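Quick notes on the structure that follows.
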Amino acid sequence: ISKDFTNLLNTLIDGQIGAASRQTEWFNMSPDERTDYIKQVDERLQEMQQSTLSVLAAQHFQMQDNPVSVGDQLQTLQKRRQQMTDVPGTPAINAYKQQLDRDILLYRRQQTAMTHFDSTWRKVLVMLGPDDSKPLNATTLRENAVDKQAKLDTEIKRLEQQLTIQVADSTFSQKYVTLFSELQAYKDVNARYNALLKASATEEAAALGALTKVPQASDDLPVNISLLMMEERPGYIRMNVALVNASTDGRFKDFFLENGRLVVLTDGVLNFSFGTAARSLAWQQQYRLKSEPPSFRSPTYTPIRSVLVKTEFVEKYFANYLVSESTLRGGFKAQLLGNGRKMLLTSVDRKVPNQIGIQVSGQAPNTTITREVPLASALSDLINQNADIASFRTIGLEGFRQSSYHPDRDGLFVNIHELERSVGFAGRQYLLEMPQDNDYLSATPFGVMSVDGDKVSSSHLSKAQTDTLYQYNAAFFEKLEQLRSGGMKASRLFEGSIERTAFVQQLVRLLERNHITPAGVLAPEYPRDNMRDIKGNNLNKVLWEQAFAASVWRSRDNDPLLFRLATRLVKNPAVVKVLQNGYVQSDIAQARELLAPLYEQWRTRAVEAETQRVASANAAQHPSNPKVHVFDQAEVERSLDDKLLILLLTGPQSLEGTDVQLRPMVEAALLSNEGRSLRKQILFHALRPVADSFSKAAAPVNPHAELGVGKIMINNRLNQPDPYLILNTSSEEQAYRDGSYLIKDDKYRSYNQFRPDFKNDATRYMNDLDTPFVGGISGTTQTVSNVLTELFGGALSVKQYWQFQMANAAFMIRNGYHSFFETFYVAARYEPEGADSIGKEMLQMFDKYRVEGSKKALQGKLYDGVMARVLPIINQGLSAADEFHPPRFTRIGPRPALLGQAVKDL
């Protein structure tokens, strides 16, 4: 709001632009984007105050050990609040107080409900039991049956009536929770009593146990009381169902409002869930409670569909499922709807309670045979009966349409909006500064980020470090909070103040540490060629290279060459080494999913091997050890993954024996787009260890004078791992434990480990061309292309060569391993000698554009210069209708091609 804060932001913006080299996350903005940027700066600063400094305060204000107990939760929270009612007002403090208050309310409600449940249970057991002239026993309970079953029914009816009246109450209340707990107690005791009456002589003692076993240990709630605690308003639970994507064309499961009625787009969806989390994972770890398993949060990340539904419907069919306690459940349950239809309930998660797979099915309307079939309309109508028509909403829908607009791109993120939409997201974790070291460092509220050339870690904070971090950061945020309101008069950051300069020097590095920079947040509709990506690469060239990689990847053109390569390569013994790579294990899991019937049949074979292991361990003479008298999980898992790898490299023709009966299915699978793309994505990962296994020395065939004769200046990287981009992709919650941890090596880490070494001549060259930079000149591509004559066992045609090398370059761009240029440069250096070779020209063209780029923006001219020379060699055999043509670089963002495959019927 304050004009002074706005002038300060404009000052630091202008100054940081003026200081810029090439490759910077700042760039000059439109005079409209300026305001959206400042608005997002202010918003995200408020988010920081509410959502990271608050949780840091909740670990500074721990200097005295309050009374703490896992059972006395309500009292522990209450005294934690009374510890801090004296603390001065501050937004992080107010947010902490309000969170603790709401959690106090919830725990109070739950404890009340459990108490009145227990008292009602005891009361009903006294009512059903005999007089004190006899002990409570099954015989007297049976003698009581004919009267007190009807008494139980009468009380149940009365309670249901009174509670249905009380549902008119506008908010949760003592009477509401009371009557609810009574109704649940009466229902459960009635059910257990009737089970006892039905119990045989062998069951009777167990049913009497189940009656006398009050849940007074409070080790888990009554299920219906858990549903009560999930109620968003008295008598109603919030249902939700999560999409794969917004299904405007029917490709995805969906559930949407159509003509006032709610409509499921498909006959069942695996992705329903009920309730909502009471607090973020940050607060969950601050309380040091168990965090909800990630299999709830992992499976989808796009906007989610939700409405309030009548709790009676949920508790009728779905309370049978929703129990957190391990009641025996299979893969499925089938529920008779009163209209004669089935509803199928599906155990889509074997640990989490509150997410459900649901399907309705029944006798197909208006058909010659009474086949039962799934029925989306029946489910829609049943929901519309049980739903409230009011307060249907889609979570984040405008956010999606105002940041992604649609499923945007087939490649890595470009700004934080695409990151937060990406599968890697989990929750936005801002970092803050730990400046009392000799040079400034980044810490979470739980731990300071250890960084190393090989490794990234956090050391958890001891108390002195928490006091340092809190007091410093709080003093800074207090200054910022003053500046927004009391202005320069209050903050005393006068224009000549050394304190003002220190403040700005801190703010700029805060706004760098989190990618709140303009390239991080602006996400424009049509990218001006001035703008730069989140790493300071030119935006439009990155977009174009991604669209190129996508188009090359989707084409079916190179596949006859690549699968010949794979068919030969699979014979090398070294290919086994590929499977122990950490990144391959990301994607063979998807092959385990695609080939589920094979993955199951194979595993059902493999589990046999345990029997031979135990047999051999018993056949060994006088075994002094259970030498292998165990189920070795790792052995079978390795052998299974090796089988799946081999079945992915060589074609389905490799199938043999009984599995030939399944071979037509596997053939239909592997020829899908996801099949081909997996097959070649695993092929290219398999290529590197085989290439390395020849250990042939470097020997480029085209010399180049500008960049050192006979060598290449490969790799060319400085290891400078970005902590924010690491933590804002889903590491395990082991990072969040308040305990020291070593972070996962996700595939994006290869995209985030590296920063250009501006001292190297190769960097100077590339900065002259002003290409994007990702991991430097690709020594991997050198090592591969040096041995192609041995991989294929003979010289390639320049057509076959350039085909393979473009598929490789598309693979490198798709996974974010390198730029276009970082591959094609070493290609042109390695292109075989021959009558149609073109690398000599390509080198001279690079030099020609270098001597320009040091003065002028090339605006994609380099890419056209390359494609002009490559395309007529690739398409040399093809008809003009079937040629490949990449998307065409333009001032506006990359537009679709106008020729060949890309138009044919697409």
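Convention: chains lettered A, B, ... in structure tokens order; per-chain residue numbering from 1; ligands numbered from 1 as shown.
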
Contacts of region 62-78 of chain A at 9 Å (only C-alpha atoms; same-chain gap of 3+ positions) as number ranges by chain | A: 57-59, 81-83, 100-101, 103-105, 107-108, 111, 463

For the residues selected in the previous step, produce a file with N, CA, C and O atoms as a CSV table (one decimal), in the first residue's frame.
```csv
chain,number,residue,atom,x,y,z
A,57,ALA,N,8.3,-19.3,14.9
A,57,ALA,CA,8.0,-18.8,16.2
A,57,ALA,C,7.5,-19.9,17.1
A,57,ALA,O,7.9,-20.0,18.3
A,58,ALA,N,6.8,-20.9,16.6
A,58,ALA,CA,6.3,-22.1,17.3
A,58,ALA,C,7.5,-23.0,17.7
A,58,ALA,O,7.2,-24.1,18.2
A,59,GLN,N,8.7,-22.6,17.4
A,59,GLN,CA,9.9,-23.4,17.9
A,59,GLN,C,10.9,-22.5,18.6
A,59,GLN,O,11.8,-23.0,19.3
A,81,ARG,N,-1.0,-22.4,24.8
A,81,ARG,CA,-1.6,-21.1,24.5
A,81,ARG,C,-1.4,-20.1,25.7
A,81,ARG,O,-1.1,-19.0,25.5
A,82,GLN,N,-1.7,-20.6,26.9
A,82,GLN,CA,-1.5,-19.8,28.1
A,82,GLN,C,-0.1,-19.4,28.3
A,82,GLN,O,0.2,-18.4,29.0
A,83,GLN,N,0.9,-20.2,27.8
A,83,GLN,CA,2.3,-19.8,27.8
A,83,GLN,C,2.5,-18.5,27.0
A,83,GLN,O,3.4,-17.8,27.3
A,100,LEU,N,-3.6,-22.6,16.8
A,100,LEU,CA,-3.7,-23.4,18.0
A,100,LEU,C,-5.1,-23.3,18.6
A,100,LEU,O,-5.6,-24.3,19.2
A,101,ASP,N,-5.8,-22.2,18.5
A,101,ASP,CA,-7.2,-22.1,18.9
A,101,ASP,C,-8.1,-23.0,18.2
A,101,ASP,O,-8.9,-23.7,18.8
A,103,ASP,N,-7.3,-25.8,16.6
A,103,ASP,CA,-7.0,-27.1,17.0
A,103,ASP,C,-7.5,-27.4,18.4
A,103,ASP,O,-7.9,-28.6,18.7
A,104,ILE,N,-7.5,-26.4,19.3
A,104,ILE,CA,-8.0,-26.6,20.6
A,104,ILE,C,-9.5,-26.9,20.5
A,104,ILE,O,-10.1,-27.8,21.2
A,105,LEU,N,-10.2,-26.2,19.6
A,105,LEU,CA,-11.7,-26.4,19.4
A,105,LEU,C,-11.9,-27.8,18.9
A,105,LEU,O,-12.8,-28.5,19.4
A,107,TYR,N,-10.0,-30.5,19.1
A,107,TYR,CA,-9.7,-31.6,20.2
A,107,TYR,C,-10.7,-31.5,21.3
A,107,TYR,O,-11.0,-32.6,21.8
A,108,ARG,N,-11.1,-30.4,21.7
A,108,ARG,CA,-12.2,-30.2,22.7
A,108,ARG,C,-13.5,-31.0,22.2
A,108,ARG,O,-14.0,-31.8,23.0
A,111,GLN,N,-12.9,-34.8,22.3
A,111,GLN,CA,-12.8,-35.3,23.7
A,111,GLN,C,-14.2,-35.3,24.3
A,111,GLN,O,-14.6,-36.3,25.0
A,463,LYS,N,18.7,-25.4,19.9
A,463,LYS,CA,18.0,-24.3,20.4
A,463,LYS,C,18.6,-22.9,20.2
A,463,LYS,O,17.9,-21.9,19.8
```

Find the residues around region 652-657 of chain A up to 10 Å (only C-alpha atoms counted), leave out those fewer than 3 positions away in its own chain, and share them as a PyMOL selection string.
-> chain A and resi 646-649+660-671

Pairwise distance for CA of residue 277 (chain A) and CA of residue 306 (chain A), rounded to one decimal in Å =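 Rounded to one decimal, the two atoms are 14.0 Å apart.
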
Counting only C-alpha atoms, what is within 9 Å of residue 351 (chain A), bar same-chain residues fewer than 3 positions away, as a list in words?
->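 That gives residues 293, 295, 324 and 326 of chain A.
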
Write the selection just made, keeping N, CA and C atoms, as an mmCIF file, in the first residue's frame?
```cif
data_model
loop_
_atom_site.group_PDB
_atom_site.id
_atom_site.type_symbol
_atom_site.label_atom_id
_atom_site.label_comp_id
_atom_site.auth_asym_id
_atom_site.auth_seq_id
_atom_site.Cartn_x
_atom_site.Cartn_y
_atom_site.Cartn_z
ATOM 1 N N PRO A 293 -0.093 -40.380 5.202
ATOM 2 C CA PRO A 293 0.796 -41.001 4.223
ATOM 3 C C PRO A 293 0.727 -40.283 2.894
ATOM 4 N N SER A 295 0.705 -41.375 -0.101
ATOM 5 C CA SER A 295 -0.187 -42.006 -1.068
ATOM 6 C C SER A 295 -1.570 -41.366 -1.115
ATOM 7 N N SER A 324 -10.165 -46.495 9.616
ATOM 8 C CA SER A 324 -8.706 -46.499 9.626
ATOM 9 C C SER A 324 -8.155 -47.786 10.227
ATOM 10 N N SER A 326 -7.556 -51.648 10.906
ATOM 11 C CA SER A 326 -7.405 -52.743 9.947
ATOM 12 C C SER A 326 -8.479 -53.801 10.201
#
```

Any idea what the distance is between CA of residue 880 (chain A) and CA of residue 896 (chain A)?
->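 Computing the Euclidean distance for CA of residue 880 (chain A) and CA of residue 896 (chain A) yields 17.0 Å.
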
Those in region 249-419 of chain A with strand (DSSP E or B) from DSSP, as an NGL selection string = :A and (255-258 or 261-264 or 268-274 or 304-310 or 332-336 or 342-346 or 355-363 or 372-374 or 387 or 393-395)

Show me, as a PDB file with N, CA and C atoms, in the first residue's frame, the residues that have an atom within 9 Å of residue 898 (chain A) when counting only C-alpha atoms, minus same-chain residues fewer than 5 positions from it.
```
ATOM      1  N   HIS A 885       8.575 -31.991 -40.056  1.00  0.00           N
ATOM      2  CA  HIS A 885       8.950 -30.591 -39.952  1.00  0.00           C
ATOM      3  C   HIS A 885       8.703 -30.117 -38.525  1.00  0.00           C
ATOM      4  N   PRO A 887       8.153 -27.458 -35.268  1.00  0.00           N
ATOM      5  CA  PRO A 887       7.525 -26.144 -35.094  1.00  0.00           C
ATOM      6  C   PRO A 887       8.490 -25.020 -35.444  1.00  0.00           C
ATOM      7  N   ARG A 888       7.929 -23.891 -35.868  1.00  0.00           N
ATOM      8  CA  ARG A 888       8.703 -22.807 -36.458  1.00  0.00           C
ATOM      9  C   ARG A 888       8.887 -21.691 -35.437  1.00  0.00           C
ATOM     10  N   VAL A 903       0.409 -31.801 -39.753  1.00  0.00           N
ATOM     11  CA  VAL A 903      -0.924 -31.382 -40.153  1.00  0.00           C
ATOM     12  C   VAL A 903      -1.839 -32.551 -40.512  1.00  0.00           C
TER      13      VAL A 903
END
```
